[PDB]
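>>> this one is an experimental structure. Sequence first:
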Amino acid sequence: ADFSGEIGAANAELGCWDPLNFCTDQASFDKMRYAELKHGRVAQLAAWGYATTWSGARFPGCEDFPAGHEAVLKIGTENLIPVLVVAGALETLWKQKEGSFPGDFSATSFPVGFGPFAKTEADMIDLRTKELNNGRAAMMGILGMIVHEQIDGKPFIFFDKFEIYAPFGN
Amino acid sequence: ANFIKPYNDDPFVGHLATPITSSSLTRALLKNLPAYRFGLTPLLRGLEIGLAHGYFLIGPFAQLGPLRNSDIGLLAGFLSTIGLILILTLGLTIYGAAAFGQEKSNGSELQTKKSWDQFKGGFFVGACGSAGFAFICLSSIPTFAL
Amino acid sequence: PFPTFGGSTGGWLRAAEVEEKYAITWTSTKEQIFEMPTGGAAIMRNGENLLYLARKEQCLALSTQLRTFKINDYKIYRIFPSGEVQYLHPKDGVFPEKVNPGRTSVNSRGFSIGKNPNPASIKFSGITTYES
Amino acid sequence: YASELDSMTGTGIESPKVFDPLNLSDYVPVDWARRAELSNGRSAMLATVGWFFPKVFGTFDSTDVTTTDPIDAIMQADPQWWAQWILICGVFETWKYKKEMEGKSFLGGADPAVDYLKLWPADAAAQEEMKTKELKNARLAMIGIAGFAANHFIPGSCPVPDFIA
Amino acid sequence: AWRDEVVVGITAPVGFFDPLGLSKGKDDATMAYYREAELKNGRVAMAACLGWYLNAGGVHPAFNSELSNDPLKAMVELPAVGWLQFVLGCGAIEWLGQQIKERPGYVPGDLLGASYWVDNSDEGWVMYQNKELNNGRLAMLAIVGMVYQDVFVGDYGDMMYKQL
Amino acid sequence: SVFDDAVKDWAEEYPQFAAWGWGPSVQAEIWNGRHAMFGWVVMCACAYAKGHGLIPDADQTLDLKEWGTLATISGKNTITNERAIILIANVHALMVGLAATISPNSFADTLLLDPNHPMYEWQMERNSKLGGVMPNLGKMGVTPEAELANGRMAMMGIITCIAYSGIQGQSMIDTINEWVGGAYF
Amino acid sequence: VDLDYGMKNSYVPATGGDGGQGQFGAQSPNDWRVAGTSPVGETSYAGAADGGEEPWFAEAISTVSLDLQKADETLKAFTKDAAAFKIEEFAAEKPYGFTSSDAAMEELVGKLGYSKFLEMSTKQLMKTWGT
Amino acid sequence: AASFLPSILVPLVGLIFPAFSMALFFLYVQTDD
Ligand code: CLA
Ligand code: CLA
Ligand code: CLA
Ligand SMILES: CC1=C(C#C/C(C)=C/C=C/C(C)=C/C=C/C=C(C)/C=C/C=C(C)/C=C/[C@@]23O[C@]2(C)C[C@@H](O)CC3(C)C)C(C)(C)C[C@H](O)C1
Ligand SMILES: CC1=C(C#C/C(C)=C/C=C/C(C)=C/C=C/C=C(C)/C=C/C=C(C)/C=C/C2=C(C)C[C@@H](O)CC2(C)C)C(C)(C)C[C@H](O)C1
Ligand SMILES: CC1=C(/C=C/C(C)=C/C=C/C(C)=C/C=C/C=C(C)/C=C/C=C(C)/C=C/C2=C(C)CCCC2(C)C)C(C)(C)CCC1
């Protein structure tokens, strides 16, 4: 019913911004929340990866591969299959903690949780909100980038590629 | 529909509630201005007002003054602004003396001697500093071109 | 009991709130339109009416107009900032133009205007010939 | 010296008792002093790193500043940088004001004004110990930046490592 | 309930118009957001329309009439400093608007605070408000149509009434 | 001669100014003294620079075109760079002073005694116990007493320098160098 | 009512060239030289009116007014002496079955109100008080 | 040098002096002894 209390509400007044009324009951909300988080986490990593590659960085043995969606089209599928295998394994490993917010995998075999990062309940809520918000942004970001790549070849719109300043990494 | 009514519902006061005098826009702007805003201390009120007035004053002098075309024109403009600020500060000091007197008690009421003195001080610091900021900014103007 | 008026920019100012203020009151038998000294037109109420002004002259000017409407029950007061009120006109209940037994003479000189003293005579005295 | 000093953070192993030989506490208010001590100290802590970082670890990819000498770069850098720098500092100063008014503290108070790493201890004992460490590091930094400058202008004034120069 | 109280916006040609029922379960706050958005989007559209029309007509007496008559080309020609001022200025007004919104008694869309003098009881008031909304609704569609014509069809002038 | 009487008479003749601390008062003695002490440094620095030829391009006049008629001494003649630089140095200092006068802190020694300033009482007290003919030893170090003593000393030196310069018919800078042992030049 | 409130002012008549305090005083007891407007949540002119959210127009908020009931009192107090003189004369002219000045006043003012009483000649009064 | 006096005194006589004098007069006429 009232999901205003849930983290990620647009604002105090609008509460839950569900224009198409996708969410109807808590059961649905949990489903949608889990999905949003998953897509968000995945997207956050994706943007990081796209930028790294597009800017020019390549792993050992990957110095001739192309960047962007072009890579997926050109690079050999055999060298892409590893990704699926390393991801499917994770899919199986992550274990949802019962009676907890959607996306909490504290029950996973390897140690996972707020650990030393959070102490008070408020701290936990803040970190959670930030994870969700940054994911929401990336989700839009990765799309924005890919679209513009196809449109003009400039994935960053205002510049060709990033230049990093890593003193210690040098 | 009448958009003009007696002010404060007093038909005999010398004022009227027009859209200009009493609109959400005017009310909002005036309420949050440093002079009438709530919570600001006398010093901070002066500071904000000074910061605002000093930044725009360097312009007239710098671009239209006697040494505008000289390489030291901006520097001269800065000095001129500081001079004007000093004159205005003298005025503030003198006004306070006459309007408020010599010893005060209420405190924290912009309309007392102590508060006024603090207000004046803030104005001077803010104004002079703001003018300096403009000097730094006008030293190199960005073209915002990619 | 305020008469019906829509407001003006010619009303009272701060002096009315920090120095002194005035007020006139009267009773009417009909609702009619009068012109107010401040500027504009207003409609009096059928009965008691009260109006505030900044000067005594403004109040007395309105009284003149009221007399045209055949109203002669007007009263003028001065309200100080603290709330103190002074009844000013008609002071003794009788209009000044009508001799009322019980009123004493003030500022009267018992001689023709030409019998005042010479200025030189009262030199270095501080008084004036007309007060001498 | 002022009595309040006896009840404040600052005295430690190297300074068991209040250190105020000239009794400056008599003139400058105790509160203002601590606020200033931390402010100048925190700023100095940052400076020390900035004095050598560009030289030791490289510079950004631009040509506005060609020198690496800490003092020289001041004039080489574009004025626009300096203006924006003053602005950011002003923003920080405002944050401290607003947050303090909300009851938060930037001076070892119960509610941190800036704890993005969320590492402020809850127990008062640890809090006290944590504050002492900051003050020390701050005092040390102020001395250090001064020393660096000294050797820079009057060579030999201070024993500074060559790379720091 | 917003639906049971709203009076402005419901006119003669179609009456209440919500074929897709996008406001059936929305609360008063959401509905208020919608009305404010509707008015703002519409008002901005009306202004844009006038701007485009003037430029297209050739009455752009600024910068020595250097910029092109094509509105979309002109935007590219405008220095960024001009654009920055625009965004920042509008942003300022947006802030002030937020202050007004917070004040108690805010009627969605009213920045002049006309509520102080007039209410929706007056039919003249509601009618004039309806005119703003109706013209705004039309303007929104128009600005979208014109852009299509300029970007795809290739013209930035009237192709409807031009033929006397 | 009793000093006190003369001061009293001044206050009576010019009461308005006396109220703020103007005139023959301890406040003035302190402030004027502080300035004199500071100046000695400036004057010595000027002497050193002059002798060691530090001032850039001295003995040259500023351009009447770059600068204006404000830089003219007589007709089209303009001020030399040296004097201009010396003045700018002093202006740096004066600016600091103006800020301190117009925008005093809550724990600072204000130029004038203001009943509405928090430091009024302390200042009034300090001044009340800082008057004497002979420097009060036993209060050496950083004390109000030391400050006043040193200030009087500095002010006296200024007077002496001017007089000696005149008697010996030399510039004040020269006398300074002489009293230092000719080190600067 | 302090009938001397106005007279008790700071005005001091000069020697020559001044009419004086007159009958109701020459100047208000209060000084008009008050301050200007103040920030929200503050007051300036002593017992001033809080401007609420519009401190800029605070001076337009009235705080000085006339109570109709109080108005009656001021009328009576300032005209007390006149009433006294009037009734005294009525008493002097051998009133029919007279009682007490005050009593007569009440009776005579019970009818003919008070204002009418002040504006009536002793003759009319005697005619009225024949009963 | 005395020649510098015109450029040191005129600024004072025509600007500083008049200002302070006017200020003092204002303070004198606005005070209620
Ligand atoms: C009144 C008309 C007028 C105007 C416009 C000017 C203009 C100028 N004179 Mg001139 N002058 C005038 C009359 C005028 N003069 C007269 C009558 C005399 C004889 C006494 C002189 C004698 C004179 C001399 C001797 C000199 C000048 C100089 C100057 C220049 C310097 C400007 C300056 O420093 O102003 C500074 C201005 C300000 C600090 C404020 C300007 C007013 C602001 C902008 C108003 C803002 C209002 C605002 C929009 C309200 C809305 C705000 C809201 C939106 C928030 C400038 C070109 C100098 C020069 O170099 O000549 C070219 C110079 O040496 N003037
Ligand atoms: C900014 C866009 C916008 C918004 C937010 C609204 C919002 C509203 N309109 Mg409305 N309207 C618009 C544009 C908009 N209108 C336009 C352009 C027209 C002209 C056709 C109308 C004509 C119209 C009528 C005739 C009536 C309303 C009414 C209403 C209100 C109740 C209906 C409702 O809930 O709609 C919900 C709408 C939204 C939540 C947003 C609209 C959905 C977006 C725009 C999806 C985009 C669809 C569209 C096809 C995009 C393509 C456009 C173009 C490329 C072809 C509501 C406040 C009714 C009213 O006032 O009752 C009180 C009413 O009777 N509208
Ligand atoms: C004897 C009195 C006197 C003197 C010495 C000056 C001197 C000057 N006037 Mg001037 N003026 C005077 C009377 C005087 N004025 C009168 C009576 C009027 C009214 C008609 C004017 C109206 C006037 C105008 C309208 C302008 C001048 C300007 C100037 C300056 C032009 C030269 C220059 O280099 O400008 C370049 C400026 C500088 C190099 C800056 C110099 C540093 C400033 C002056 C410091 C001021 C600080 C000062 C101590 C503050 C006063 C404090 C207060 C207590 C007195 C010059 C400083 C022009 C100017 O630029 O004003 C500054 C100008 O626009 N004057
Ligand atoms: C006649 C008489 C008496 C008397 C007397 C006497 C002897 C009166 C004499 C009083 C006397 C002789 C008082 C000296 C002042 C010197 C001052 C103030 C110097 C200031 C110096 C300052 C402020 C320094 C300024 C500078 O630093 C600045 C500003 C810039 C630098 O570039 C350079 C310098 C350093 C210069 C009696 C007997 C006592 C009582 C009797 O009843 C009346
Ligand atoms: C250095 C320098 C220069 C510079 C420079 C620099 C840095 C300039 C900096 C400019 C800058 C920061 C400008 C900043 C603009 C910000 C704006 C409008 C914000 C509006 C916020 C709004 C509406 C908020 C709305 C709200 C929303 C909806 C949610 C609600 O719940 C609550 C709420 C939050 C209230 C120049 C430009 C001066 C040139 C010079 O030569 C050199
Ligand atoms: C028309 C209009 C408008 C308005 C406009 C205007 C009027 C503007 C102005 C503006 C301004 C007028 C601004 C200002 C600014 C300022 C500044 C920005 C400053 C700064 C400063 C600083 C930052 C600092 C300084 C300092 C100090 C404080 C001291 C020490 C030193 C220093 C330097 C640090 C708008 C758009 C709204 C809208 C429409 C209408």
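Perfect, I can see it now. Residues are numbered from 1 along each chain as shown, chains lettered A, B, ... in the order given. Ligands and ions are numbered 1, 2, ... in the order given.

>>> going by C-alpha atoms from here, please, whenever you check contacts or count neighbours.
Fine.

>>> OK, contacts around residue C:95?
Neighbour list for residue C:95: residue C:89 [criterion: C-alpha atoms under 8 Å, 6 or more residues apart in numbering or on different chains].

>>> helix/strand/coil for it?
coil (DSSP: H, G, I helix; E, B strand; the rest coil).

>>> for residue A:115, see how far away it is.
In this view, residue C:95 and residue A:115 are 95 Å apart by C-alpha to C-alpha, to the nearest Å.

>>> for the nearest residue to residue E:68 once chain neighbours are set aside, the count of nearby residues, please.
Excluding the flanking residues, the one nearest residue E:68 by C-alpha to C-alpha, 6 or more residues apart in numbering or on different chains is residue E:74, at 5.3 Å. Residues within reach of residue E:74, counting by other C-alpha atoms under 10 Å in any protein chain shown, total 14.

>>> and residue E:74, how far is that from chain D?
29 Å (C-alpha to the nearest C-alpha, to the nearest Å).

>>> how about residue E:109?
In this view, residue E:109 and chain D are 31 Å apart by C-alpha to the nearest C-alpha.

>>> give the contact list for that residue.
E:35, E:36, E:39, E:40.

>>> helices along chain C, start to end?
Under the criterion DSSP state H, helices of chain C are mapped to C:15-18, C:56-68.

>>> now the shortest one, how far from the chain's geometric center?
Think helix C:15-18. Relative to the chain's own centre, helix C:15-18 is displaced by 18 Å; criterion: C-alpha atoms, centre = their mean, to the nearest Å.

>>> ok, and what's touching it?
C:21, C:54, C:81, G:30, G:31, G:32, G:34, G:45, G:59, G:62, G:63, G:64.

>>> and if you look at stretch D:116-133?
A:117, A:118, A:123, D:9, D:10, D:108, D:112.

>>> looking at the contacts of helix C:15-18, which are in strands?
Judged by DSSP state E, those include residue C:21 as members of strands.

>>> got a PyMOL select line for the buried ones in the contacts of helix C:15-18?
This is how PyMOL selects the buried members of the contacts of helix C:15-18, with burial counted by 16 or more other C-alpha atoms under 10 Å in any protein chain shown:
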select buried, (chain C and resi 21+54+81) or (chain G and resi 30+34+45+59+62+64)
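
>>> greatest separation within the contacts of helix C:15-18: which pair is it?
C:54 and G:45 (18.7 Å; C-alpha to C-alpha).

>>> now look at stretch G:9-24 and say if it contacts chain C.
Yes - applying C-alpha under 8 Å from any C-alpha of the partner chain, one finds stretch G:9-24 in contact with chain C at G:15, G:16, G:17.

>>> that stretch and chain H, any residue contact?
No - counting by C-alpha under 8 Å from any C-alpha, chain H has no neighbours in stretch G:9-24; the shortest distance is 12.7 Å.

>>> okay, buried residues for that stretch please.
Result for stretch G:9-24 [16+ other C-alpha under 10 Å]: buried residues G:9, G:21, G:24.

>>> ok, the second one - contacts?
The neighbours of residue G:21, taking C-alpha under 8 Å, 6+ apart as the test, are G:7, G:11, G:13, G:27.

>>> which one of these sits closest to chain E?
If you rank the contacts of residue G:21 by distance to chain E using C-alpha to the nearest C-alpha, residue G:27 comes first, at 40.4 Å.

>>> how far away is that closest one from chain A?
58 Å.

>>> and that residue, how many neighbours?
Using other C-alpha under 10 Å: residue G:27 sits among 16 other residues.

>>> got a list of what it touches?
G:6, G:9, G:10, G:11, G:21 are the contacts of residue G:27 under C-alpha under 8 Å, 6+ apart.

>>> need the winner for burial among the helices of chain C.
helix C:15-18 (a mean of 23; mean count of other C-alpha atoms under 10 Å in any protein chain shown).

>>> before we move on, back to that, out of the contacts of helix C:15-18, which one sits closest to chain A?
Nearest to chain A among the contacts of helix C:15-18, with distances taken as C-alpha to the nearest C-alpha, is residue G:59, at 37.6 Å.

>>> that closest one contacts residue G:47, correct?
No - under the criterion of C-alpha atoms under 8 Å, residue G:59 makes no contact with residue G:47, lying 11.6 Å away.

>>> ok, back up a step: could I get the buried residue list for the strand or helix carrying the residue nearest to residue E:68?
In this assignment (DSSP states H and E), residue E:74 forms part of helix E:71-77. Across helix E:71-77, burial judged by 16+ other C-alpha under 10 Å covers E:71, E:72.

>>> helices or strands up against it?
Applying 3 or more C-alpha pairs under 8 Å, 6 or more residues apart in numbering or on different chains; DSSP states H and E, we find helix E:71-77 packed against helix E:28-57.

>>> is the helix it packs on up against ligand 5 anywhere?
No - Helix E:28-57 stays clear of ligand 5 (C-alpha under 6 Å from any ligand atom), getting no nearer than 11.7 Å.

>>> counting neighbours, what do you get for the residue of chain F found nearest chain D?
Per C-alpha to the nearest C-alpha, residue F:107 is where chain F lies closest to chain D, at 6.5 Å. For residue F:107, the count of nearby residues is 14 (other C-alpha under 10 Å).
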